[PDB]
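In the form deposited without its partner chain, a lone chain appears below as structure tokens.
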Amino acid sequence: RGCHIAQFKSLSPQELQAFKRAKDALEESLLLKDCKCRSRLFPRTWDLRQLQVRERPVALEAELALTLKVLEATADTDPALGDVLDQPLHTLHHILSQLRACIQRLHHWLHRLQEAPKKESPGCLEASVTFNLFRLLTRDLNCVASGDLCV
């Protein structure tokens, strides 16, 4: 019952760093092929602040679920890269779990995130969630955790 979503507004130096190592390793694992994408999963032209407050949670969760799904596919396919994603992925689960435990126009975007693991290559998706990772944790997440004072 005692949820405290306002905790995710802040994140922390420890988490941030552990995520950076993940990103630094991922990007480093993306450089050796292959080609990427043919569409954009997370355009810098769109933003969670577009929807109404009550809808932003479901978008974030979806976003999370996808980026969680892909980084799991990667963690498996590359054991060495899995050692740097192990804890970050765990924290990523904790965030989403807490999200759905405390929540109780957005379908042109949602439906699109459905046509992703079936319309894009693994490398593409991996690059997508990787570049978007930091925006998810610090910006998008912060936005939802802040409710009515996120405009």
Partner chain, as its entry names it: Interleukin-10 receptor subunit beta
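Positions refer to the first chain, counted from 1.
Keep in mind that the form solved in complex with its partner chain is missing from the display, and what follows is about it.
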{"item": "Every residue of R100, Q104 and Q114 near its partner chain in the bound PDB entry, heavy atom within 4.5 Å", "value": "no"}
{"item": "4.5 angstroms heavy atom contact with its partner chain in the bound PDB entry for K119", "value": "no"}
{"item": "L89: touches its partner chain in the bound PDB entry, heavy atom cutoff 4.5 angstroms", "value": "yes"}
{"item": "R54: touches its partner chain in the bound PDB entry, heavy atom cutoff 4.5 angstroms", "value": "no"}
{"item": "Contacts with its partner chain in the bound PDB entry - residues in 69-86 whose heavy atoms fall within 4.5 Å", "value": "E72, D76, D86"}
